[PDB]
Amino acid sequence: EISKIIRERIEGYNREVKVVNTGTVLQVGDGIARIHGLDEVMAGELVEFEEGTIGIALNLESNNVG
Amino acid sequence: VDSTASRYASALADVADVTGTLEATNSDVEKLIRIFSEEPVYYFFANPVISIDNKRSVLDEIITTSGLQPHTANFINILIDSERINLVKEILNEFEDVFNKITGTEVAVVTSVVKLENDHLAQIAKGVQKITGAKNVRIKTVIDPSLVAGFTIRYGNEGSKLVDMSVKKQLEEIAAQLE
């Protein structure tokens, strides 16, 4: 059984990472990034990065987004 | 079967077998399965984005409350280091099948329209240890109404070998009258 401290701790980590319209970069190589998250991004949506680069979402895989 | 989920579970059982904690380890593995059912708990461990360092600290706290076996705590730590926490659920389920093999036990499934008594279960266990060679036999019951009256058991290494007499009489009589 998970205690009350450990339940609110994991949701503390989980609440932060799972933002609604945001993502996290997993890989970058030679013109393509794989993004963790972006759960509500749609096929073909423009996707803006933190340095400022713009991307287009093509592969909406079940784990990540190409 | 030999897939990565199966491969890891087999290792976990082998170390328990060596150290004679097969009963002790099995309880802990059953205890883990309750832990990782929760969508929120499983998601936290599984996703790549959450930092690995944070995962260990949380994992250690979880282990302490749980009071898991010393190897079992390692085994999860090994999974986390080697990235295979995305397939924990497959691994945990796989261990049960391996654990029966080591004991020499066998599992059986018997199903009925209405609940039944213990002596019937013991005699089905007798027959399954006869035709199977369980060192020991094991049994499970699932009440399903859409049959007529019978019992169906299900056994083997996988959930494969099936004998029954409820509706197989009726479907058999359709397929025997077409003859």
# chains A, B, ... in the order shown; residues from 1 in each chain; ligands from 1
$ interface_residues --of "chain B" --to "chain A" --cutoff "8 Å" --atoms "only C-alpha atoms" --output "NGL selection string"
:B and (34-35 or 40-41 or 44 or 48-50 or 58 or 61-62 or 65-66)
$ write_last_selection --atoms "C-alpha atoms" --output "short mmCIF file (atom, residue, chain, number, x, y, z; two decimals), in the first residue's frame"
data_model
loop_
_atom_site.label_atom_id
_atom_site.label_comp_id
_atom_site.auth_asym_id
_atom_site.auth_seq_id
_atom_site.Cartn_x
_atom_site.Cartn_y
_atom_site.Cartn_z
CA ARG B 34 -1.23 -4.12 -6.56
CA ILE B 35 1.19 -1.18 -6.56
CA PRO B 40 -0.88 7.36 -11.81
CA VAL B 41 1.78 5.25 -10.10
CA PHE B 44 5.28 8.01 -13.08
CA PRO B 48 11.10 8.78 -19.87
CA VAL B 49 10.68 12.48 -19.07
CA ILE B 50 10.62 12.25 -15.27
CA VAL B 58 10.39 7.73 -4.63
CA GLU B 61 10.21 5.26 0.00
CA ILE B 62 7.75 2.90 -1.67
CA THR B 65 6.39 1.11 3.33
CA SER B 66 5.94 -2.05 1.29
#
$ residues_around --residues "residue A:57" --least-positions-apart "6" --cutoff "6 Å" --atoms "only C-alpha atoms" --output "ChimeraX atom specification"
/A:43-45
$ write_last_selection --atoms "C-alpha atoms" --output "CSV table (one decimal), in the first residue's frame"
chain,number,residue,atom,x,y,z
A,43,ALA,CA,-1.8,15.9,-37.0
A,44,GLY,CA,0.0,18.7,-38.9
A,45,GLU,CA,-0.1,21.2,-36.0
$ select_by_dssp --residues "chain B" --states "alpha helix (DSSP H)" --output "MDAnalysis selection string"
chainID B and resid 4:19 22:37 39:46 52:66 70:81 88:103 118:132 168:177
$ atom_distance --atom1 "atom CA of residue B:24" --atom2 "atom CA of residue B:70"
10.4 Å
$ closest_residue --among "B:132, B:26, B:111, B:19" --to "residue B:148" --atoms "only C-alpha atoms"
B:111
$ select_by_dssp --residues "stretch 34-129 of chain B" --states "strand (DSSP E)" --output "MDAnalysis selection string"
chainID B and resid 105:106 108:112
$ atom_distance --atom1 "atom CA of residue B:68" --atom2 "atom CA of residue B:140"
26.4 Å
$ residues_around --residues "residue A:56" --least-positions-apart "2" --cutoff "12 Å" --atoms "only C-alpha atoms" --output "PyMOL selection string"
chain A and resi 31-35+41-49+53-54+58-60+65-66
$ write_last_selection --atoms "C-alpha atoms" --output "PDB file, in the first residue's frame"
ATOM      1  CA  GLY A  31      16.051  17.964 -38.559  1.00  0.00           C
ATOM      2  CA  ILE A  32      13.622  15.832 -36.519  1.00  0.00           C
ATOM      3  CA  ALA A  33      12.712  15.801 -32.836  1.00  0.00           C
ATOM      4  CA  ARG A  34      10.808  13.153 -30.878  1.00  0.00           C
ATOM      5  CA  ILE A  35       8.560  14.789 -28.270  1.00  0.00           C
ATOM      6  CA  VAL A  41      -1.556  18.066 -30.491  1.00  0.00           C
ATOM      7  CA  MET A  42      -3.199  17.323 -33.809  1.00  0.00           C
ATOM      8  CA  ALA A  43      -1.793  15.900 -37.028  1.00  0.00           C
ATOM      9  CA  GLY A  44      -0.035  18.699 -38.886  1.00  0.00           C
ATOM     10  CA  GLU A  45      -0.096  21.218 -36.044  1.00  0.00           C
ATOM     11  CA  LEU A  46       2.652  23.810 -35.810  1.00  0.00           C
ATOM     12  CA  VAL A  47       4.806  23.122 -32.772  1.00  0.00           C
ATOM     13  CA  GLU A  48       7.082  25.744 -31.204  1.00  0.00           C
ATOM     14  CA  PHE A  49      10.237  24.966 -29.307  1.00  0.00           C
ATOM     15  CA  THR A  53      12.339  26.797 -33.581  1.00  0.00           C
ATOM     16  CA  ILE A  54       9.030  25.820 -35.209  1.00  0.00           C
ATOM     17  CA  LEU A  58       3.567  14.421 -38.454  1.00  0.00           C
ATOM     18  CA  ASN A  59       3.819  11.099 -36.606  1.00  0.00           C
ATOM     19  CA  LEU A  60       1.469  11.056 -33.630  1.00  0.00           C
ATOM     20  CA  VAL A  65       5.456  12.560 -31.435  1.00  0.00           C
ATOM     21  CA  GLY A  66       7.688  12.767 -34.460  1.00  0.00           C
TER      22      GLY A  66
END
$ residues_around --residues "residue B:164" --least-positions-apart "5" --cutoff "10 Å" --atoms "only C-alpha atoms" --output "MDAnalysis selection string"
chainID B and resid 110:111 150:154 169
$ closest_residue --among "B:118, B:156, B:147, B:165" --to "residue B:134" --atoms "only C-alpha atoms"
B:156
$ residues_around --residues "residue B:46" --least-positions-apart "4" --cutoff "7 Å" --atoms "only C-alpha atoms" --output "ChimeraX atom specification"
/B:42,85-86
$ write_last_selection --atoms "C-alpha atoms" --output "CSV table (one decimal), in the first residue's frame"
chain,number,residue,atom,x,y,z
B,42,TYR,CA,2.6,3.2,-13.2
B,85,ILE,CA,10.1,-0.2,-16.6
B,86,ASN,CA,7.7,0.4,-19.4
$ residues_around --residues "residue B:89" --least-positions-apart "4" --cutoff "12 Å" --atoms "only C-alpha atoms" --output "VMD selection string"
chain B and resid 4 to 6 8 to 9 29 to 30 32 to 39 42 to 43 45 to 46 76 79 84 to 85 93 to 96
$ write_last_selection --atoms "N, CA, C and O atoms" --output "JSON list (two decimals), in the first residue's frame"
[["chain", "number", "residue", "atom", "x", "y", "z"],
["B", 4, "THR", "N", 11.34, -10.31, -23.83],
["B", 4, "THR", "CA", 12.04, -9.56, -22.79],
["B", 4, "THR", "C", 11.29, -9.55, -21.47],
["B", 4, "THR", "O", 11.90, -9.70, -20.42],
["B", 5, "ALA", "N", 9.97, -9.42, -21.49],
["B", 5, "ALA", "CA", 9.23, -9.43, -20.24],
["B", 5, "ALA", "C", 9.41, -10.77, -19.54],
["B", 5, "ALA", "O", 9.62, -10.82, -18.34],
["B", 6, "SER", "N", 9.32, -11.85, -20.29],
["B", 6, "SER", "CA", 9.49, -13.19, -19.74],
["B", 6, "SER", "C", 10.90, -13.42, -19.24],
["B", 6, "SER", "O", 11.11, -14.08, -18.23],
["B", 8, "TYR", "N", 13.19, -11.31, -17.99],
["B", 8, "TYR", "CA", 13.42, -10.70, -16.70],
["B", 8, "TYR", "C", 12.76, -11.40, -15.54],
["B", 8, "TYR", "O", 13.37, -11.59, -14.51],
["B", 9, "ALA", "N", 11.51, -11.82, -15.72],
["B", 9, "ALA", "CA", 10.76, -12.48, -14.67],
["B", 9, "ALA", "C", 11.41, -13.80, -14.29],
["B", 9, "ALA", "O", 11.46, -14.15, -13.13],
["B", 29, "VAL", "N", 6.15, -10.09, -4.91],
["B", 29, "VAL", "CA", 5.76, -9.88, -6.30],
["B", 29, "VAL", "C", 4.27, -9.67, -6.50],
["B", 29, "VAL", "O", 3.85, -8.88, -7.32],
["B", 30, "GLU", "N", 3.46, -10.41, -5.75],
["B", 30, "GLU", "CA", 2.02, -10.16, -5.70],
["B", 30, "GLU", "C", 1.70, -8.80, -5.14],
["B", 30, "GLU", "O", 0.79, -8.14, -5.59],
["B", 32, "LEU", "N", 3.69, -6.17, -5.32],
["B", 32, "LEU", "CA", 4.04, -5.22, -6.38],
["B", 32, "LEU", "C", 2.94, -5.01, -7.40],
["B", 32, "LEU", "O", 2.74, -3.92, -7.89],
["B", 33, "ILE", "N", 2.24, -6.08, -7.75],
["B", 33, "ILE", "CA", 1.20, -6.00, -8.76],
["B", 33, "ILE", "C", 0.06, -5.09, -8.36],
["B", 33, "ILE", "O", -0.52, -4.40, -9.19],
["B", 34, "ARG", "N", -0.29, -5.10, -7.08],
["B", 34, "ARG", "CA", -1.23, -4.12, -6.56],
["B", 34, "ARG", "C", -0.71, -2.69, -6.70],
["B", 34, "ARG", "O", -1.46, -1.78, -6.99],
["B", 35, "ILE", "N", 0.59, -2.50, -6.47],
["B", 35, "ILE", "CA", 1.19, -1.18, -6.56],
["B", 35, "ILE", "C", 1.15, -0.57, -7.95],
["B", 35, "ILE", "O", 0.95, 0.63, -8.10],
["B", 36, "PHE", "N", 1.39, -1.38, -8.97],
["B", 36, "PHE", "CA", 1.59, -0.88, -10.32],
["B", 36, "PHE", "C", 0.33, -0.90, -11.15],
["B", 36, "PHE", "O", 0.34, -0.52, -12.30],
["B", 37, "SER", "N", -0.76, -1.35, -10.56],
["B", 37, "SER", "CA", -2.06, -1.25, -11.20],
["B", 37, "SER", "C", -2.46, 0.19, -11.42],
["B", 37, "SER", "O", -3.05, 0.52, -12.45],
["B", 38, "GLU", "N", -2.18, 1.05, -10.45],
["B", 38, "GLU", "CA", -2.70, 2.40, -10.48],
["B", 38, "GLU", "C", -2.14, 3.14, -11.68],
["B", 38, "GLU", "O", -0.93, 3.16, -11.87],
["B", 39, "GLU", "N", -3.00, 3.78, -12.46],
["B", 39, "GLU", "CA", -2.56, 4.48, -13.65],
["B", 39, "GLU", "C", -1.54, 5.54, -13.26],
["B", 39, "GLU", "O", -0.51, 5.64, -13.89],
["B", 42, "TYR", "N", 1.95, 3.87, -12.08],
["B", 42, "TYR", "CA", 2.63, 3.23, -13.20],
["B", 42, "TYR", "C", 3.19, 4.25, -14.17],
["B", 42, "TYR", "O", 4.29, 4.10, -14.68],
["B", 43, "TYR", "N", 2.41, 5.28, -14.43],
["B", 43, "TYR", "CA", 2.80, 6.32, -15.37],
["B", 43, "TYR", "C", 4.04, 7.04, -14.89],
["B", 43, "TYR", "O", 4.92, 7.36, -15.68],
["B", 45, "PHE", "N", 6.54, 5.92, -13.02],
["B", 45, "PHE", "CA", 7.72, 5.10, -13.25],
["B", 45, "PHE", "C", 8.06, 4.90, -14.72],
["B", 45, "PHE", "O", 9.21, 4.99, -15.12],
["B", 46, "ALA", "N", 7.03, 4.62, -15.51],
["B", 46, "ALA", "CA", 7.19, 4.35, -16.94],
["B", 46, "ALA", "C", 7.70, 5.45, -17.86],
["B", 46, "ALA", "O", 8.55, 5.20, -18.71],
["B", 76, "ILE", "N", 13.51, -4.36, -9.16],
["B", 76, "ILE", "CA", 12.94, -3.12, -9.65],
["B", 76, "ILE", "C", 13.98, -2.04, -9.91],
["B", 76, "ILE", "O", 13.84, -1.26, -10.83],
["B", 79, "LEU", "N", 15.48, -2.89, -13.12],
["B", 79, "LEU", "CA", 14.62, -2.55, -14.24],
["B", 79, "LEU", "C", 14.74, -1.08, -14.55],
["B", 79, "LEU", "O", 14.85, -0.70, -15.70],
["B", 84, "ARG", "N", 13.76, -0.78, -18.68],
["B", 84, "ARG", "CA", 12.65, -1.67, -19.00],
["B", 84, "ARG", "C", 11.49, -1.55, -18.03],
["B", 84, "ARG", "O", 10.77, -2.53, -17.83],
["B", 85, "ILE", "N", 11.27, -0.38, -17.45],
["B", 85, "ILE", "CA", 10.14, -0.21, -16.55],
["B", 85, "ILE", "C", 8.85, 0.00, -17.32],
["B", 85, "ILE", "O", 7.76, -0.06, -16.74],
["B", 93, "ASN", "N", 3.35, -10.27, -14.48],
["B", 93, "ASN", "CA", 2.42, -11.32, -14.86],
["B", 93, "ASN", "C", 3.17, -12.58, -15.27],
["B", 93, "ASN", "O", 2.77, -13.69, -14.96],
["B", 94, "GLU", "N", 4.27, -12.38, -15.98],
["B", 94, "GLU", "CA", 5.11, -13.47, -16.46],
["B", 94, "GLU", "C", 5.72, -14.27, -15.31],
["B", 94, "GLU", "O", 5.87, -15.48, -15.42],
["B", 95, "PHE", "N", 6.06, -13.60, -14.22],
["B", 95, "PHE", "CA", 6.67, -14.27, -13.08],
["B", 95, "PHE", "C", 5.79, -15.35, -12.48],
["B", 95, "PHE", "O", 6.29, -16.39, -12.07],
["B", 96, "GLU", "N", 4.48, -15.12, -12.43],
["B", 96, "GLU", "CA", 3.59, -16.11, -11.86],
["B", 96, "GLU", "C", 3.67, -17.42, -12.62],
["B", 96, "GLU", "O", 3.68, -18.48, -12.01]]
